[PDB]
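J.: Structure file model_26.cif, mmCIF, N, CA and C atoms, is pasted below:
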```cif
data_final
loop_
_atom_site.label_atom_id
_atom_site.label_comp_id
_atom_site.auth_asym_id
_atom_site.auth_seq_id
_atom_site.Cartn_x
_atom_site.Cartn_y
_atom_site.Cartn_z
N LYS A 1 69.13 137.81 42.95
CA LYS A 1 69.25 138.88 43.93
C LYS A 1 70.23 139.96 43.46
N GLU A 2 70.33 141.04 44.23
CA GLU A 2 71.21 142.16 43.92
C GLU A 2 72.31 142.22 44.98
N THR A 3 73.51 142.65 44.61
CA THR A 3 74.49 142.99 45.64
C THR A 3 74.04 144.29 46.30
N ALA A 4 74.48 144.55 47.53
CA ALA A 4 74.14 145.79 48.22
C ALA A 4 74.61 146.99 47.41
N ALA A 5 75.80 146.87 46.82
CA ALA A 5 76.37 147.96 46.03
C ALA A 5 75.55 148.25 44.77
N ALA A 6 75.08 147.21 44.09
CA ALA A 6 74.31 147.42 42.85
C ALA A 6 72.95 147.99 43.18
N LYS A 7 72.38 147.57 44.29
CA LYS A 7 71.11 148.13 44.72
C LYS A 7 71.23 149.62 45.03
N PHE A 8 72.34 150.02 45.65
CA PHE A 8 72.55 151.44 45.91
C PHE A 8 72.59 152.20 44.58
N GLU A 9 73.32 151.65 43.61
CA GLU A 9 73.43 152.29 42.31
C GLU A 9 72.05 152.42 41.65
N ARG A 10 71.30 151.32 41.62
CA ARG A 10 69.96 151.34 41.05
C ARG A 10 69.04 152.38 41.71
N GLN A 11 69.03 152.40 43.04
CA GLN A 11 68.11 153.28 43.77
C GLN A 11 68.56 154.74 43.80
N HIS A 12 69.87 154.98 43.79
CA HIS A 12 70.35 156.31 44.17
C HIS A 12 71.20 157.07 43.15
N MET A 13 71.65 156.43 42.07
CA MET A 13 72.55 157.11 41.14
C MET A 13 71.85 157.60 39.87
N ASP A 14 72.01 158.89 39.57
CA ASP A 14 71.61 159.39 38.26
C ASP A 14 72.60 160.40 37.75
N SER A 15 73.68 159.91 37.16
CA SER A 15 74.74 160.78 36.64
C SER A 15 74.39 161.30 35.25
N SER A 16 73.22 160.94 34.75
CA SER A 16 72.87 161.31 33.37
C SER A 16 72.34 162.75 33.26
N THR A 17 71.97 163.34 34.39
CA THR A 17 71.43 164.71 34.41
C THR A 17 72.06 165.51 35.54
N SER A 18 72.18 166.82 35.35
CA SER A 18 72.78 167.68 36.38
C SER A 18 71.80 167.95 37.53
N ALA A 19 70.52 167.71 37.27
CA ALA A 19 69.44 167.97 38.23
C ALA A 19 68.14 167.42 37.66
N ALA A 20 67.10 167.33 38.49
CA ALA A 20 65.80 166.87 38.02
C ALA A 20 65.38 167.76 36.86
N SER A 21 64.86 167.15 35.80
CA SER A 21 64.51 167.88 34.58
C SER A 21 63.10 168.49 34.60
N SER A 22 62.21 167.93 35.40
CA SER A 22 60.83 168.41 35.47
C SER A 22 60.17 167.99 36.77
N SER A 23 58.95 168.46 36.99
CA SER A 23 58.17 168.08 38.16
C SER A 23 57.79 166.61 38.10
N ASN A 24 57.92 166.02 36.92
CA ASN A 24 57.58 164.61 36.74
C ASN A 24 58.79 163.67 36.90
N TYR A 25 59.95 164.23 37.23
CA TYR A 25 61.18 163.44 37.32
C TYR A 25 61.04 162.24 38.25
N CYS A 26 60.53 162.46 39.46
CA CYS A 26 60.42 161.35 40.41
C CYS A 26 59.42 160.28 39.97
N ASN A 27 58.31 160.69 39.39
CA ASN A 27 57.37 159.70 38.86
C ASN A 27 58.03 158.78 37.84
N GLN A 28 58.82 159.37 36.93
CA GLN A 28 59.48 158.59 35.89
C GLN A 28 60.57 157.70 36.46
N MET A 29 61.43 158.27 37.31
CA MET A 29 62.60 157.55 37.83
C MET A 29 62.23 156.50 38.84
N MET A 30 61.21 156.76 39.66
CA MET A 30 60.82 155.77 40.66
C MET A 30 60.29 154.53 39.95
N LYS A 31 59.62 154.74 38.82
CA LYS A 31 59.09 153.62 38.04
C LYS A 31 60.19 152.88 37.29
N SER A 32 61.01 153.60 36.53
CA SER A 32 62.03 152.96 35.71
C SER A 32 63.16 152.32 36.51
N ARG A 33 63.33 152.71 37.77
CA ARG A 33 64.36 152.08 38.61
C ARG A 33 63.73 150.98 39.44
N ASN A 34 62.49 150.63 39.08
CA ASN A 34 61.80 149.51 39.69
C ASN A 34 61.55 149.70 41.18
N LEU A 35 61.24 150.93 41.58
CA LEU A 35 60.94 151.20 42.99
C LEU A 35 59.44 151.32 43.25
N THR A 36 58.63 151.00 42.25
CA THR A 36 57.18 150.97 42.46
C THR A 36 56.58 149.61 42.13
N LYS A 37 57.43 148.59 42.04
CA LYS A 37 57.02 147.26 41.59
C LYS A 37 56.10 146.54 42.57
N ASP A 38 56.59 146.31 43.78
CA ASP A 38 55.80 145.60 44.79
C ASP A 38 55.01 146.56 45.66
N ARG A 39 55.48 147.80 45.72
CA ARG A 39 54.83 148.83 46.51
C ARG A 39 55.39 150.17 46.05
N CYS A 40 54.80 151.25 46.53
CA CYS A 40 55.40 152.56 46.32
C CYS A 40 56.48 152.71 47.37
N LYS A 41 57.75 152.77 46.96
CA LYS A 41 58.78 153.10 47.96
C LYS A 41 58.47 154.53 48.39
N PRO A 42 58.33 154.76 49.71
CA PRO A 42 57.78 156.03 50.21
C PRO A 42 58.72 157.20 49.97
N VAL A 43 60.01 157.00 50.22
CA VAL A 43 61.00 158.07 50.14
C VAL A 43 62.26 157.54 49.46
N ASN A 44 62.84 158.32 48.55
CA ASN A 44 64.08 157.91 47.88
C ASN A 44 64.82 159.08 47.23
N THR A 45 66.14 159.12 47.39
CA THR A 45 66.94 160.23 46.88
C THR A 45 67.85 159.80 45.74
N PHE A 46 67.92 160.61 44.69
CA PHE A 46 68.86 160.36 43.60
C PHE A 46 69.97 161.37 43.64
N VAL A 47 71.19 160.94 43.32
CA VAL A 47 72.34 161.84 43.32
C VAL A 47 72.78 162.10 41.88
N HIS A 48 72.92 163.36 41.51
CA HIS A 48 73.31 163.72 40.15
C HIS A 48 74.78 164.10 40.11
N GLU A 49 75.64 163.15 40.44
CA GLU A 49 77.08 163.37 40.38
C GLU A 49 77.62 162.08 39.79
N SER A 50 78.88 162.06 39.40
CA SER A 50 79.45 160.84 38.85
C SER A 50 79.47 159.75 39.90
N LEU A 51 79.41 158.50 39.44
CA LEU A 51 79.55 157.36 40.35
C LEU A 51 80.86 157.45 41.11
N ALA A 52 81.93 157.86 40.44
CA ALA A 52 83.22 158.00 41.11
C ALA A 52 83.16 158.99 42.29
N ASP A 53 82.49 160.13 42.08
CA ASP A 53 82.36 161.14 43.13
C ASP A 53 81.56 160.63 44.32
N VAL A 54 80.54 159.82 44.05
CA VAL A 54 79.72 159.30 45.13
C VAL A 54 80.44 158.17 45.88
N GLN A 55 81.09 157.27 45.15
CA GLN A 55 81.92 156.25 45.79
C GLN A 55 83.00 156.90 46.65
N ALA A 56 83.53 158.03 46.18
CA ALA A 56 84.60 158.71 46.92
C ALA A 56 84.16 159.14 48.31
N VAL A 57 82.85 159.18 48.55
CA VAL A 57 82.35 159.68 49.84
C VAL A 57 82.75 158.72 50.96
N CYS A 58 82.96 157.44 50.61
CA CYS A 58 83.38 156.45 51.61
C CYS A 58 84.78 156.69 52.16
N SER A 59 85.50 157.66 51.61
CA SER A 59 86.82 158.01 52.14
C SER A 59 86.80 159.44 52.67
N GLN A 60 85.59 159.97 52.85
CA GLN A 60 85.42 161.33 53.37
C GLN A 60 85.07 161.33 54.88
N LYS A 61 84.16 162.18 55.32
CA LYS A 61 84.00 162.40 56.75
C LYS A 61 83.24 161.26 57.44
N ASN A 62 83.93 160.46 58.25
CA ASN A 62 83.28 159.37 58.98
C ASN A 62 82.32 159.96 60.03
N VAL A 63 81.03 159.61 59.94
CA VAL A 63 80.04 160.05 60.92
C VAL A 63 79.12 158.89 61.27
N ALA A 64 78.33 159.03 62.34
CA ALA A 64 77.38 157.98 62.70
C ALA A 64 76.18 157.95 61.77
N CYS A 65 75.66 156.75 61.51
CA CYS A 65 74.39 156.59 60.80
C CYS A 65 73.24 156.91 61.75
N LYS A 66 72.04 157.12 61.20
CA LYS A 66 70.87 157.44 62.03
C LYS A 66 70.58 156.37 63.07
N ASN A 67 70.91 155.12 62.74
CA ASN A 67 70.63 154.00 63.63
C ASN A 67 71.78 153.65 64.57
N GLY A 68 72.84 154.46 64.56
CA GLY A 68 73.94 154.24 65.48
C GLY A 68 75.12 153.49 64.89
N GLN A 69 74.97 152.96 63.67
CA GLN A 69 76.09 152.31 62.98
C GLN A 69 77.23 153.30 62.78
N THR A 70 78.47 152.81 62.73
CA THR A 70 79.63 153.69 62.65
C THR A 70 80.27 153.78 61.25
N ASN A 71 79.65 153.15 60.26
CA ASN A 71 80.25 153.11 58.92
C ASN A 71 79.56 154.06 57.94
N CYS A 72 79.20 155.25 58.42
CA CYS A 72 78.58 156.27 57.58
C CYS A 72 79.57 157.38 57.31
N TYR A 73 79.41 158.01 56.15
CA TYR A 73 80.34 159.03 55.68
C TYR A 73 79.57 160.20 55.09
N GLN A 74 80.00 161.41 55.41
CA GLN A 74 79.33 162.60 54.88
C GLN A 74 80.24 163.22 53.83
N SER A 75 79.67 163.61 52.69
CA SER A 75 80.48 164.19 51.63
C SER A 75 81.02 165.52 52.11
N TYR A 76 82.29 165.79 51.84
CA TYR A 76 82.89 167.08 52.23
C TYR A 76 82.21 168.23 51.50
N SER A 77 81.75 167.97 50.28
CA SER A 77 81.14 169.01 49.47
C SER A 77 79.65 168.75 49.33
N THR A 78 78.90 169.73 48.83
CA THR A 78 77.49 169.50 48.54
C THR A 78 77.39 168.85 47.16
N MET A 79 76.28 168.16 46.91
CA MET A 79 76.07 167.48 45.63
C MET A 79 74.68 167.78 45.15
N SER A 80 74.48 167.76 43.83
CA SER A 80 73.15 167.93 43.28
C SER A 80 72.32 166.67 43.55
N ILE A 81 71.21 166.82 44.25
CA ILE A 81 70.35 165.66 44.51
C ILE A 81 68.88 165.97 44.27
N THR A 82 68.07 164.92 44.17
CA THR A 82 66.62 165.07 44.07
C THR A 82 65.97 164.16 45.10
N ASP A 83 65.13 164.74 45.95
CA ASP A 83 64.39 163.95 46.93
C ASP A 83 63.08 163.56 46.27
N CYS A 84 62.71 162.29 46.34
CA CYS A 84 61.42 161.83 45.82
C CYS A 84 60.63 161.29 47.00
N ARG A 85 59.41 161.80 47.17
CA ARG A 85 58.58 161.40 48.30
C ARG A 85 57.15 161.20 47.83
N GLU A 86 56.50 160.13 48.28
CA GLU A 86 55.09 159.92 47.97
C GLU A 86 54.27 161.11 48.43
N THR A 87 53.29 161.51 47.62
CA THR A 87 52.43 162.63 47.99
C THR A 87 51.02 162.38 47.51
N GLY A 88 50.15 163.37 47.71
CA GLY A 88 48.84 163.42 47.08
C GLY A 88 47.98 162.17 47.19
N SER A 89 47.49 161.71 46.05
CA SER A 89 46.68 160.51 46.00
C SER A 89 47.52 159.37 45.45
N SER A 90 48.69 159.19 46.04
CA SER A 90 49.52 158.04 45.74
C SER A 90 48.93 156.80 46.40
N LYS A 91 48.52 155.84 45.59
CA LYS A 91 48.03 154.56 46.09
C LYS A 91 48.51 153.47 45.16
N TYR A 92 49.31 152.54 45.68
CA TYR A 92 49.76 151.41 44.89
C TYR A 92 48.57 150.71 44.21
N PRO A 93 48.68 150.44 42.89
CA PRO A 93 49.84 150.60 42.01
C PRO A 93 49.88 151.94 41.30
N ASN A 94 49.04 152.88 41.72
CA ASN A 94 49.09 154.22 41.17
C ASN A 94 49.96 155.11 42.06
N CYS A 95 51.28 154.91 41.96
CA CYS A 95 52.26 155.65 42.77
C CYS A 95 52.45 157.09 42.27
N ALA A 96 52.60 158.04 43.19
CA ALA A 96 52.76 159.44 42.79
C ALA A 96 53.78 160.14 43.70
N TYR A 97 54.69 160.89 43.10
CA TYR A 97 55.80 161.47 43.87
C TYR A 97 55.96 162.97 43.71
N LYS A 98 56.39 163.61 44.80
CA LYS A 98 56.81 164.99 44.77
C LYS A 98 58.31 165.04 44.46
N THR A 99 58.69 165.90 43.53
CA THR A 99 60.09 166.05 43.16
C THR A 99 60.67 167.29 43.85
N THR A 100 61.71 167.09 44.67
CA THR A 100 62.37 168.22 45.30
C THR A 100 63.89 168.23 45.04
N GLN A 101 64.32 169.17 44.21
CA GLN A 101 65.73 169.34 43.84
C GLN A 101 66.48 170.12 44.93
N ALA A 102 67.76 169.80 45.11
CA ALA A 102 68.55 170.47 46.14
C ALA A 102 70.04 170.22 45.95
N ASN A 103 70.84 170.97 46.69
CA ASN A 103 72.29 170.81 46.69
C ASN A 103 72.73 170.67 48.12
N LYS A 104 73.13 169.46 48.49
CA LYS A 104 73.37 169.15 49.88
C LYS A 104 74.47 168.12 50.01
N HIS A 105 75.05 168.05 51.21
CA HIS A 105 75.99 166.98 51.54
C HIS A 105 75.19 165.70 51.64
N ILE A 106 75.76 164.59 51.16
CA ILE A 106 75.08 163.32 51.29
C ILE A 106 75.75 162.52 52.39
N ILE A 107 75.00 161.62 53.02
CA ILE A 107 75.56 160.74 54.02
C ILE A 107 75.20 159.33 53.62
N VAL A 108 76.21 158.49 53.45
CA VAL A 108 75.99 157.14 52.97
C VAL A 108 76.67 156.17 53.91
N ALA A 109 76.19 154.93 53.95
CA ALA A 109 76.89 153.87 54.67
C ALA A 109 77.70 153.06 53.67
N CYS A 110 78.91 152.67 54.05
CA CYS A 110 79.80 151.94 53.15
C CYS A 110 80.21 150.58 53.70
N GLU A 111 80.48 149.65 52.78
CA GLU A 111 80.82 148.27 53.14
C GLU A 111 81.63 147.60 52.05
N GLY A 112 82.41 146.59 52.43
CA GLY A 112 83.01 145.70 51.45
C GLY A 112 84.40 146.07 50.97
N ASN A 113 84.87 145.30 49.99
CA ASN A 113 86.15 145.54 49.35
C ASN A 113 85.96 145.29 47.86
N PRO A 114 85.92 146.36 47.05
CA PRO A 114 86.10 147.79 47.40
C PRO A 114 85.05 148.33 48.39
N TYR A 115 85.44 149.34 49.16
CA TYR A 115 84.57 149.94 50.17
C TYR A 115 83.71 150.97 49.46
N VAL A 116 82.45 150.62 49.21
CA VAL A 116 81.55 151.43 48.39
C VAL A 116 80.20 151.66 49.08
N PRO A 117 79.42 152.65 48.60
CA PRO A 117 78.16 152.92 49.30
C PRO A 117 77.17 151.76 49.16
N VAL A 118 76.49 151.42 50.26
CA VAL A 118 75.48 150.36 50.25
C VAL A 118 74.13 150.83 50.85
N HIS A 119 74.06 152.08 51.29
CA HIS A 119 72.82 152.60 51.85
C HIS A 119 72.87 154.13 51.86
N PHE A 120 71.78 154.78 51.44
CA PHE A 120 71.70 156.24 51.52
C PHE A 120 71.07 156.60 52.85
N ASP A 121 71.78 157.35 53.69
CA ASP A 121 71.30 157.57 55.05
C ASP A 121 70.51 158.85 55.16
N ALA A 122 71.06 159.91 54.59
CA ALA A 122 70.47 161.23 54.72
C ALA A 122 71.25 162.22 53.88
N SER A 123 70.70 163.42 53.75
CA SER A 123 71.42 164.49 53.13
C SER A 123 71.33 165.67 54.08
N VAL A 124 72.33 166.53 54.06
CA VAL A 124 72.33 167.70 54.93
C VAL A 124 72.71 168.91 54.09
#
```
Produce structure tokens that represent the structure in this file.

T.:
Amino acid sequence: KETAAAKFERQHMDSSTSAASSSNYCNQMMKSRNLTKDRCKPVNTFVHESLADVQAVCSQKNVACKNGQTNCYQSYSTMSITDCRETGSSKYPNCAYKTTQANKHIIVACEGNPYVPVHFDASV
């Protein structure tokens, strides 16, 4: 199994690029991060900032999660992100994604010691 923290890193972190490199970015990343294995994960966001900067969000603006949980945090600053969403004729195992680049505040839920992100809630 995966720890919640490692799963967040696998699904949501891409510090290797400043932004999506092409229209094919989500197709490549959704596959290589193993998010199309058992099904097409419908929606998923990658953050193009350092892991340290994203972990730091857990000490930023405490806000409610979409489901009412109280352990969500919004980044004080905007961050480079890419939204990946199933589109077109996406049918498992032929998964297909729309790549949408943006600069937005991220909202994550945090847990544990160290207190680190364990769920991507939304971006604003």

J.: Expand the PyMOL selection byres ((chain A and resi 107) around 8) into the explicit residue set it covers here, and present it as a list in words.

T.: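 Applying the expression gives residues 65, 72, 73, 74, 75, 104, 105, 106, 108, 109, 110, 119, 120, 121, 122, 123 and 124 of chain A.
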
J.: Could you list, as a ChimeraX atom specification, every residue matched by the PyMOL selection byres ((chain A and resi 14) around 5) in this structure?

T.: /A:12-13,15-17,47-49

J.: Contacts of residue 52 of chain A at 12 Å or less, counting only C-alpha atoms, minus same-chain residues fewer than 6 places along, as a ChimeraX atom specification?

T.: /A:9,13,15,58-59,116-117

J.: Could you give me, as a PDB file with N, CA and C atoms, in the coordinates of the input, the residues within 10 Å of residue 22 of chain A, counting only C-alpha atoms and dropping anything in the same chain fewer than 5 positions from it?

T.:
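Below you can see around.pdb, which holds the result:
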```pdb
ATOM      1  N   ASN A  27      58.310 160.690  39.390  1.00  0.00           N
ATOM      2  CA  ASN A  27      57.370 159.700  38.860  1.00  0.00           C
ATOM      3  C   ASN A  27      58.030 158.780  37.840  1.00  0.00           C
ATOM      4  N   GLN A  28      58.820 159.370  36.930  1.00  0.00           N
ATOM      5  CA  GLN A  28      59.480 158.590  35.890  1.00  0.00           C
ATOM      6  C   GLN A  28      60.570 157.700  36.460  1.00  0.00           C
ATOM      7  N   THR A  99      58.690 165.900  43.530  1.00  0.00           N
ATOM      8  CA  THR A  99      60.090 166.050  43.160  1.00  0.00           C
ATOM      9  C   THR A  99      60.670 167.290  43.850  1.00  0.00           C
ATOM     10  N   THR A 100      61.710 167.090  44.670  1.00  0.00           N
ATOM     11  CA  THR A 100      62.370 168.220  45.300  1.00  0.00           C
ATOM     12  C   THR A 100      63.890 168.230  45.040  1.00  0.00           C
ATOM     13  N   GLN A 101      64.320 169.170  44.210  1.00  0.00           N
ATOM     14  CA  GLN A 101      65.730 169.340  43.840  1.00  0.00           C
ATOM     15  C   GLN A 101      66.480 170.120  44.930  1.00  0.00           C
TER      16      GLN A 101
END
```

J.: Can you check which residues of chain A DSSP gives as alpha helix (DSSP H) on the backbone and send them as a CSV table (one decimal) with N, CA and C atoms, in the coordinates of the input?

T.:
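The resulting file, states_12.csv, is reproduced below:
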```csv
chain,number,residue,atom,x,y,z
A,4,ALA,N,74.5,144.6,47.5
A,4,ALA,CA,74.1,145.8,48.2
A,4,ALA,C,74.6,147.0,47.4
A,5,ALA,N,75.8,146.9,46.8
A,5,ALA,CA,76.4,148.0,46.0
A,5,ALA,C,75.6,148.2,44.8
A,6,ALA,N,75.1,147.2,44.1
A,6,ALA,CA,74.3,147.4,42.8
A,6,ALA,C,73.0,148.0,43.2
A,7,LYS,N,72.4,147.6,44.3
A,7,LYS,CA,71.1,148.1,44.7
A,7,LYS,C,71.2,149.6,45.0
A,8,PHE,N,72.3,150.0,45.6
A,8,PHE,CA,72.6,151.4,45.9
A,8,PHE,C,72.6,152.2,44.6
A,9,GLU,N,73.3,151.6,43.6
A,9,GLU,CA,73.4,152.3,42.3
A,9,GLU,C,72.0,152.4,41.6
A,10,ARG,N,71.3,151.3,41.6
A,10,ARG,CA,70.0,151.3,41.0
A,10,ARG,C,69.0,152.4,41.7
A,11,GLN,N,69.0,152.4,43.0
A,11,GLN,CA,68.1,153.3,43.8
A,11,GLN,C,68.6,154.7,43.8
A,12,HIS,N,69.9,155.0,43.8
A,12,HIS,CA,70.4,156.3,44.2
A,12,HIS,C,71.2,157.1,43.2
A,25,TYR,N,60.0,164.2,37.2
A,25,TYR,CA,61.2,163.4,37.3
A,25,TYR,C,61.0,162.2,38.2
A,26,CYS,N,60.5,162.5,39.5
A,26,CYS,CA,60.4,161.4,40.4
A,26,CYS,C,59.4,160.3,40.0
A,27,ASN,N,58.3,160.7,39.4
A,27,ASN,CA,57.4,159.7,38.9
A,27,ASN,C,58.0,158.8,37.8
A,28,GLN,N,58.8,159.4,36.9
A,28,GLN,CA,59.5,158.6,35.9
A,28,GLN,C,60.6,157.7,36.5
A,29,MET,N,61.4,158.3,37.3
A,29,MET,CA,62.6,157.6,37.8
A,29,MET,C,62.2,156.5,38.8
A,30,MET,N,61.2,156.8,39.7
A,30,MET,CA,60.8,155.8,40.7
A,30,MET,C,60.3,154.5,40.0
A,31,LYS,N,59.6,154.7,38.8
A,31,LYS,CA,59.1,153.6,38.0
A,31,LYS,C,60.2,152.9,37.3
A,32,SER,N,61.0,153.6,36.5
A,32,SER,CA,62.0,153.0,35.7
A,32,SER,C,63.2,152.3,36.5
A,51,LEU,N,79.4,158.5,39.4
A,51,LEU,CA,79.6,157.4,40.4
A,51,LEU,C,80.9,157.4,41.1
A,52,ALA,N,81.9,157.9,40.4
A,52,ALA,CA,83.2,158.0,41.1
A,52,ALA,C,83.2,159.0,42.3
A,53,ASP,N,82.5,160.1,42.1
A,53,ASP,CA,82.4,161.1,43.1
A,53,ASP,C,81.6,160.6,44.3
A,54,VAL,N,80.5,159.8,44.0
A,54,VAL,CA,79.7,159.3,45.1
A,54,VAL,C,80.4,158.2,45.9
A,55,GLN,N,81.1,157.3,45.2
A,55,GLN,CA,81.9,156.2,45.8
A,55,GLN,C,83.0,156.9,46.6
```

J.: Where does DSSP see strand (DSSP E) in chain A, if you list the residues as a PyMOL selection string?

T.: chain A and resi 43-47+61-63+72-74+79-86+97-104+106-111+116-123

J.: How would the residues just picked look written out with N, CA and C atoms as a compact mmCIF listing (two decimals), keeping the file's coordinate frame?

T.:
```txt
# COMPACT_ATOMS: atom_id res chain seq x y z
N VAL A 43 60.01 157.00 50.22
CA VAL A 43 61.00 158.07 50.14
C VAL A 43 62.26 157.54 49.46
N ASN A 44 62.84 158.32 48.55
CA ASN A 44 64.08 157.91 47.88
C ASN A 44 64.82 159.08 47.23
N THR A 45 66.14 159.12 47.39
CA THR A 45 66.94 160.23 46.88
C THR A 45 67.85 159.80 45.74
N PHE A 46 67.92 160.61 44.69
CA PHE A 46 68.86 160.36 43.60
C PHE A 46 69.97 161.37 43.64
N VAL A 47 71.19 160.94 43.32
CA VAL A 47 72.34 161.84 43.32
C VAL A 47 72.78 162.10 41.88
N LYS A 61 84.16 162.18 55.32
CA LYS A 61 84.00 162.40 56.75
C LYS A 61 83.24 161.26 57.44
N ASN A 62 83.93 160.46 58.25
CA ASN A 62 83.28 159.37 58.98
C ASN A 62 82.32 159.96 60.03
N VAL A 63 81.03 159.61 59.94
CA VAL A 63 80.04 160.05 60.92
C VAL A 63 79.12 158.89 61.27
N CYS A 72 79.20 155.25 58.42
CA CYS A 72 78.58 156.27 57.58
C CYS A 72 79.57 157.38 57.31
N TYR A 73 79.41 158.01 56.15
CA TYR A 73 80.34 159.03 55.68
C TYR A 73 79.57 160.20 55.09
N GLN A 74 80.00 161.41 55.41
CA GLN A 74 79.33 162.60 54.88
C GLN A 74 80.24 163.22 53.83
N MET A 79 76.28 168.16 46.91
CA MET A 79 76.07 167.48 45.63
C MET A 79 74.68 167.78 45.15
N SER A 80 74.48 167.76 43.83
CA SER A 80 73.15 167.93 43.28
C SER A 80 72.32 166.67 43.55
N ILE A 81 71.21 166.82 44.25
CA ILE A 81 70.35 165.66 44.51
C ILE A 81 68.88 165.97 44.27
N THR A 82 68.07 164.92 44.17
CA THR A 82 66.62 165.07 44.07
C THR A 82 65.97 164.16 45.10
N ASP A 83 65.13 164.74 45.95
CA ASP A 83 64.39 163.95 46.93
C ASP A 83 63.08 163.56 46.27
N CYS A 84 62.71 162.29 46.34
CA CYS A 84 61.42 161.83 45.82
C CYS A 84 60.63 161.29 47.00
N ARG A 85 59.41 161.80 47.17
CA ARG A 85 58.58 161.40 48.30
C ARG A 85 57.15 161.20 47.83
N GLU A 86 56.50 160.13 48.28
CA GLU A 86 55.09 159.92 47.97
C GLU A 86 54.27 161.11 48.43
N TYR A 97 54.69 160.89 43.10
CA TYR A 97 55.80 161.47 43.87
C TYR A 97 55.96 162.97 43.71
N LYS A 98 56.39 163.61 44.80
CA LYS A 98 56.81 164.99 44.77
C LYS A 98 58.31 165.04 44.46
N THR A 99 58.69 165.90 43.53
CA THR A 99 60.09 166.05 43.16
C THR A 99 60.67 167.29 43.85
N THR A 100 61.71 167.09 44.67
CA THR A 100 62.37 168.22 45.30
C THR A 100 63.89 168.23 45.04
N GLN A 101 64.32 169.17 44.21
CA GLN A 101 65.73 169.34 43.84
C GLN A 101 66.48 170.12 44.93
N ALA A 102 67.76 169.80 45.11
CA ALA A 102 68.55 170.47 46.14
C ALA A 102 70.04 170.22 45.95
N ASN A 103 70.84 170.97 46.69
CA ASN A 103 72.29 170.81 46.69
C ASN A 103 72.73 170.67 48.12
N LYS A 104 73.13 169.46 48.49
CA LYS A 104 73.37 169.15 49.88
C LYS A 104 74.47 168.12 50.01
N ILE A 106 75.76 164.59 51.16
CA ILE A 106 75.08 163.32 51.29
C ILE A 106 75.75 162.52 52.39
N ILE A 107 75.00 161.62 53.02
CA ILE A 107 75.56 160.74 54.02
C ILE A 107 75.20 159.33 53.62
N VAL A 108 76.21 158.49 53.45
CA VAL A 108 75.99 157.14 52.97
C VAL A 108 76.67 156.17 53.91
N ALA A 109 76.19 154.93 53.95
CA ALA A 109 76.89 153.87 54.67
C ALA A 109 77.70 153.06 53.67
N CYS A 110 78.91 152.67 54.05
CA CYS A 110 79.80 151.94 53.15
C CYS A 110 80.21 150.58 53.70
N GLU A 111 80.48 149.65 52.78
CA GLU A 111 80.82 148.27 53.14
C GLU A 111 81.63 147.60 52.05
N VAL A 116 82.45 150.62 49.21
CA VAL A 116 81.55 151.43 48.39
C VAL A 116 80.20 151.66 49.08
N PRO A 117 79.42 152.65 48.60
CA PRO A 117 78.16 152.92 49.30
C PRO A 117 77.17 151.76 49.16
N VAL A 118 76.49 151.42 50.26
CA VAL A 118 75.48 150.36 50.25
C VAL A 118 74.13 150.83 50.85
N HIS A 119 74.06 152.08 51.29
CA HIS A 119 72.82 152.60 51.85
C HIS A 119 72.87 154.13 51.86
N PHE A 120 71.78 154.78 51.44
CA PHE A 120 71.70 156.24 51.52
C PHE A 120 71.07 156.60 52.85
N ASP A 121 71.78 157.35 53.69
CA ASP A 121 71.30 157.57 55.05
C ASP A 121 70.51 158.85 55.16
N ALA A 122 71.06 159.91 54.59
CA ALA A 122 70.47 161.23 54.72
C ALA A 122 71.25 162.22 53.88
N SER A 123 70.70 163.42 53.75
CA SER A 123 71.42 164.49 53.13
C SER A 123 71.33 165.67 54.08
```

J.: Give me, please, the distance in Å between atom CA of residue 24 of chain A and atom CA of residue 3 of chain A, quoted to one decimal.

T.: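 Interatomic distance here is 28.9 Å.
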
J.: In Å, with one decimal, what is the gap from atom C of residue 26 of chain A to atom N of residue 98 of chain A?

T.: 6.6 Å

J.: Need to verify the contact set: segment 35-45 of chain A, 7 Å, only N, CA and C atoms, exclusion of same-chain residues closer than 2 positions in sequence. Can you return it as a PyMOL selection string?

T.: chain A and resi 11-13+29-33+47+81-86+91-93+95-96

J.: How many Å separate atom C of residue 97 of chain A from atom CA of residue 23 of chain A?

T.: 7.9 Å

J.: Could you tell me which of A:62, A:118, A:54, A:88 comes closest to residue 8 of chain A if we count only C-alpha atoms?

T.: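 Closest residue, counting only C-alpha atoms: A:118.
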
J.: Rebuild segment 61-66 of chain A to N, CA, C and O atoms - output it as a PDB file, in the coordinates of the input, please.

T.:
```
ATOM      1  N   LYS A  61      84.160 162.180  55.320  1.00  0.00           N
ATOM      2  CA  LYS A  61      84.000 162.400  56.750  1.00  0.00           C
ATOM      3  C   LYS A  61      83.240 161.260  57.440  1.00  0.00           C
ATOM      4  O   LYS A  61      82.040 161.105  57.245  1.00  0.00           O
ATOM      5  N   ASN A  62      83.930 160.460  58.250  1.00  0.00           N
ATOM      6  CA  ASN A  62      83.280 159.370  58.980  1.00  0.00           C
ATOM      7  C   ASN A  62      82.320 159.960  60.030  1.00  0.00           C
ATOM      8  O   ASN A  62      82.725 160.750  60.880  1.00  0.00           O
ATOM      9  N   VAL A  63      81.030 159.610  59.940  1.00  0.00           N
ATOM     10  CA  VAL A  63      80.040 160.050  60.920  1.00  0.00           C
ATOM     11  C   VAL A  63      79.120 158.890  61.270  1.00  0.00           C
ATOM     12  O   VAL A  63      79.118 157.877  60.582  1.00  0.00           O
ATOM     13  N   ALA A  64      78.330 159.030  62.340  1.00  0.00           N
ATOM     14  CA  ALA A  64      77.380 157.980  62.700  1.00  0.00           C
ATOM     15  C   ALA A  64      76.180 157.950  61.770  1.00  0.00           C
ATOM     16  O   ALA A  64      75.736 159.004  61.305  1.00  0.00           O
ATOM     17  N   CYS A  65      75.660 156.750  61.510  1.00  0.00           N
ATOM     18  CA  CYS A  65      74.390 156.590  60.800  1.00  0.00           C
ATOM     19  C   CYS A  65      73.240 156.910  61.750  1.00  0.00           C
ATOM     20  O   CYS A  65      73.444 156.957  62.968  1.00  0.00           O
ATOM     21  N   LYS A  66      72.040 157.120  61.200  1.00  0.00           N
ATOM     22  CA  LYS A  66      70.870 157.440  62.030  1.00  0.00           C
ATOM     23  C   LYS A  66      70.580 156.370  63.070  1.00  0.00           C
ATOM     24  O   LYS A  66      70.094 156.672  64.163  1.00  0.00           O
TER      25      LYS A  66
END
```
